[PDB]
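A.B. asks: What follows is a structure written as structure tokens; I'll ask about it next.
Basis: the model, the stated rules and, where named, an outside source; no laboratory instrument gave them. FYI the Cβ positions are ideal-geometry reconstructions off the backbone, even for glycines, and counts take in every protein chain you see.
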Amino acid sequence: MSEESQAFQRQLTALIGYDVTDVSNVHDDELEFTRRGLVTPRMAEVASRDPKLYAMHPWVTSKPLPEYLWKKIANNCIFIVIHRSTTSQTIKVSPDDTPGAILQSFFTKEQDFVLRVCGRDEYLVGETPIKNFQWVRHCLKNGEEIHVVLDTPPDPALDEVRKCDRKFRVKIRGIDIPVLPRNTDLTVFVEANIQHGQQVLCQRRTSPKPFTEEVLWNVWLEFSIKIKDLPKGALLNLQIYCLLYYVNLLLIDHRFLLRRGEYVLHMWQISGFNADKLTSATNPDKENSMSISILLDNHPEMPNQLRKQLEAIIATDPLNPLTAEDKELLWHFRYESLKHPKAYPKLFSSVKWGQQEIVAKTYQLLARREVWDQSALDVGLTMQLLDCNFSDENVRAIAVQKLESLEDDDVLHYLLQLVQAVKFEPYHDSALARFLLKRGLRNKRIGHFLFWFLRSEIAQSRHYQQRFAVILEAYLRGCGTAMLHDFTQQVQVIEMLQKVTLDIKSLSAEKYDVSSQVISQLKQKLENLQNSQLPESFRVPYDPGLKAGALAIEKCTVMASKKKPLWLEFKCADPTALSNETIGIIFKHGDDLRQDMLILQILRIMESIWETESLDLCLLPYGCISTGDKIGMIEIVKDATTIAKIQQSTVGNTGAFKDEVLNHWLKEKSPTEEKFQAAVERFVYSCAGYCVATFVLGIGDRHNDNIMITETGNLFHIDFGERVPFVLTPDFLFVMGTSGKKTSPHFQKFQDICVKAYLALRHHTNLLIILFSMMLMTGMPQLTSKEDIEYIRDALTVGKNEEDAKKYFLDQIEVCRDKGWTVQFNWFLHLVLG
Ligand SMILES: CC(C)(O)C1CCN(Cc2ccc3nc(-c4c(F)ccc5[nH]ccc45)nc(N4CCOCC4)c3n2)CC1
């Protein structure tokens, strides 16, 4: 082992937040085998990348320019302000002009110069029409001039990458736990399940005994299923009831061998279904967890009416249960089912997984996948085949085959969900894990978020940290020296702030009070940090194109309400930046932020859905990245206050909410009457957007301290970590021009945007349902695969015409008109004072 290679792994360990070489919690070599197995797809991906295009990371799209962006263009003309030094020359450009074509027309008014966005590491390069660049469309939407600054293309050198018919049986020896309470007198038994895709194939149980520090049986549990019949990805799921503890063991190993021998397995406890329950990983807490000793000792045309029945089944929502009758119909006419890509999940749920002959015919059916291979890619459908309900390698691989076709743009929309879907994988090395490795290594933006996404899990999931660490390691070994330096700097900043937060909060404390002593203790520690020492600059984890510089220590403070996070402000590292404005980041500690990260991601999905449906509901996507254990970073949105603070501006610590105050605030903050009309329209659209989005996700009923607004009328939600559908209070309606059933032209405008936006999401029901199911399974702890998931269906009005749905949503608007300020008042009494 090279002393420099040893140093390189020590670097990687700190970048990951876990040692992949650490063997304290294994019973096989699956992790090491995956570490080995991933060398090839990494090497194949580093070898195939354009060093130049990788260095500049052009962020683009194939999707058409939306209607709301074409109308903003005046006469097939786009203005680009190209900067040199003091000088800046404006240029009229056609939307279809490629970056080379634009450079030459400027060179007219030696040829190794590139166009770069002012204030960021964003390059308008490669052969793409200017309209198809994501920064360009972003500017068009929200109104800023397109400022470029002609410079030298980055040096790719900096990106250099370091050089048998027997029945199956198990003997439950006993269960051991170091300590327990005294007591009380309780019963205890072991349940052994043979699972595959959450489907219980076979089940046996031990004789119940009293719950003491040690319990033993030494009883064999003979199962009906034969050894030859065990499918790959099948699990032995061992559970203890009084459900208190669980643990899993893959029956078929990674080398396709049956599991055999003595097994002491440290179990996970339940804190009273979810992705944590499927884990092959063992509880690393050997001195405090419940254990289990086990023993294993044993190589792999339709008639008219039925066609109607088949098609009716196929038509149902993914949360619709299949009867034996549906399963027998789907299976018998499997070659007719195959002619419906949308029938694949329901068909694959009708497979006799615990019967080799069927699994083989499934593989026979799958070999001729003409329909599936030719089918127009469906993320929703593709993802249904990647959840908990599918344990088969081949079924999961066909979903990954369709994802191969997804462009960087879309991979960036569903990246988190795709990283979460690795929790539903039977084995560490999988088609999906390799897909994420390939994409990450291929593009710099995808690679950055993959790093953070994987790091959020490694830091706070004992159940999948081991698996995720091997994927991060594999990625880190191929991103390049430059990215490894960026990642070191970001990690340095995070670890140093963590310490500052772990010291500042070690002298207070939560509840009433912000203290001048604490703000003083804060600024002191940052003054000590900046010299010396911390990184000079760093890429903002939620906005990698941005580079943060020195701290504005005086602008930094400690925030107001109840779990004490840092309001940091940084100078920008790019001196070619347009504005002198700071980079504001909230460094929060004490809370897991993965759920907030998830909510915001699904919102970003909804904007892209609305984009495809030609709509723009002006949602405000602000950065929010979970950066380690119970720690993270939130983007500070400029000129924005909470709704509640607008109520305490006129009024105070009540309670007594006034109708006129929001419209009052907006005119006070709008410089011109022209700007106030723009702010009133931006409000109407953004209010509508959050009314539908929050309603669909079932999180509409929030306090106004959790709803924020920009001085430009942009409404947005924060802090996601009597009842109403959403928040459409009298203060919002007053901005629209109404007061207690007094319909206005802007409230009429509003209702229509709402209904257009609602029907637009309804056209993507199955996608939203699958995204919502995956979120509850991988995001939050234990949730019901039946009522909890079922809300989304009801909210989306599944099985209704557009007119009934149009009505449904208008009724919801009226429940908000009926309750007015009531719900907000009740929130104010519960949250503010018990
Ligand atoms: C400086 C001073 C006077 O305290 C201000 C008084 C008013 N507050 C409002 C406030 C009060 C509380 C706030 N809390 C959060 C926040 C949070 F604290 C925890 C999780 C989160 N998820 C999403 C946002 C978020 N995020 C805020 N943002 C600031 C604006 O940009 C988006 C993120 C946030 N803002 C801002 C600071």
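A.B. asks: Within segment 685-708, work out how many residues are assigned to a helix (DSSP H, G or I), away from the ligand (no atom under 15 Å from the Cβ) and not small (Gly, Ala, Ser).
C.D. replies: Residues flagged as assigned to a helix (DSSP H, G or I), away from the ligand (no atom under 15 Å from the Cβ) and not small (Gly, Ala, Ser) within segment 685-708 amount to 6.
A.B. asks: Related question: Residues being small (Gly, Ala, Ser) and either within 16 Å of the ligand (Cβ to nearest atom) or part of a helix (DSSP H, G or I) (or both): count how many of those fall in segment 563-614.
C.D. replies: Here the count works out to 3.
A.B. asks: Just checking: which of the strands (runs of 3 or more DSSP E) contained wholly in segment 200-295 hold 3 or more residues that are more than 28 Å from the chain's Cα centre (by Cα)?
C.D. replies: The qualifying strands (runs of 3 or more DSSP E) are 214-226, 235-241, 261-266.
A.B. asks: Out of everything in segment 334-384 that is among the small types (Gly, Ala, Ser) and assigned to a helix (DSSP H, G or I), what residue ends up being surrounded by the fewest Cβ atoms within 10 Å (Cβ to Cβ)?
C.D. replies: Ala367
A.B. asks: Quick one: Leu662 ticks every box in (1) within 11 Å of the ligand (Cβ to nearest atom); (2) crowded, with 20+ Cβ neighbours inside 10 Å; (3) part of a helix (DSSP H, G or I); (4) not β-branched (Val, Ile, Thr) bar one, so which box is it?
C.D. replies: Status for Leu662: all satisfied but (1).
A.B. asks: Could you tell me which residue of segment 719-756 is nearest to the ligand (Cβ to nearest atom), considering only residues that are over 25 Å from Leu768 (Cα atoms) and aromatic (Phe, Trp, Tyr)?
C.D. replies: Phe732
A.B. asks: Within the bounds of segment 792-799, is there any residue that is in a helix (DSSP H, G or I), among the aliphatic types (A, V, I, L, M), over 22 Å from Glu611 (Cα atoms) and not assigned by CATH to the domain that holds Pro341?
C.D. replies: No, segment 792-799 has no match at all.
A.B. asks: If you don't mind, another one. In segment 142-171, which residues are surrounded by 14 or more Cβ atoms within 10 Å (Cβ to Cβ) and of a type outside the set (A, V, I, L, M)?
C.D. replies: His147, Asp151, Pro153, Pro154, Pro156, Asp159, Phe168, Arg169, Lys171, listed by residue number.
Yes/no per residue for (1) closer than 15 Å to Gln489 by Cα; (2) assigned by CATH to the domain that holds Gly584; (3) not in a loop (DSSP other than H, G, I, E, B):
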| site | (1), (2), (3) |
| --- | --- |
| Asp503 | no, yes, yes |
| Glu510 | no, yes, no |
| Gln517 | no, yes, yes |
| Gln521 | no, yes, yes |
| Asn528 | no, yes, yes |
| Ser532 | yes, yes, no |
| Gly545 | yes, yes, yes |
| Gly549 | yes, yes, yes |
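A.B. asks: OK, next. State which residue is nearest to the chain's Cα centre (by Cα) when the search covers only segment 136-179 and only residues that are of a type outside the set (D, E, K, R) and assigned to a helix (DSSP H, G or I).
C.D. replies: Filtering first and then ranking leaves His138.
A.B. asks: Of all residues in segment 198-246, which are over 26 Å from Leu386 (Cβ atoms) and of a type in the set (D, E, K, R)?
C.D. replies: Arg204, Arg205, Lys209, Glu213, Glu214, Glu222, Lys226, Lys228 - these are the residues of segment 198-246 that are over 26 Å from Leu386 (Cβ atoms) and of a type in the set (D, E, K, R).
A.B. asks: Do we find a residue being in a loop (DSSP other than H, G, I, E, B), of a type in the set (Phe, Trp, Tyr) and within 16 Å of the ligand (Cβ to nearest atom) anywhere in segment 709-718?
C.D. replies: No, segment 709-718 contains no residue that is in a loop (DSSP other than H, G, I, E, B), of a type in the set (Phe, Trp, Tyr) and within 16 Å of the ligand (Cβ to nearest atom).
A.B. asks: Going by the conditions given, is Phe657 buried (at least 18 other Cβ atoms within 10 Å of the Cβ), in a loop (DSSP other than H, G, I, E, B), away from the ligand (no atom under 14 Å from the Cβ) and assigned by CATH to the domain that holds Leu728?
C.D. replies: The answer is yes for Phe657.
A.B. asks: If you check every pair at least six apart or on different chains, which have Cβ atoms under 6 Å apart with a residue in segment 66-91 that is hydroxyl-bearing (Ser, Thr, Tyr) first and a residue that is not in a strand (DSSP E or B) second?
C.D. replies: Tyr68/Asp616
A.B. asks: I'd like to know if segment 617-625 contains one or more residues that are near the ligand (Cβ under 8 Å from one of its atoms) and in contact with a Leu (Cβ under 9 Å, 6 or more places away or on another chain).
C.D. replies: Checking segment 617-625: at least one residue is near the ligand (Cβ under 8 Å from one of its atoms) and in contact with a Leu (Cβ under 9 Å, 6 or more places away or on another chain).
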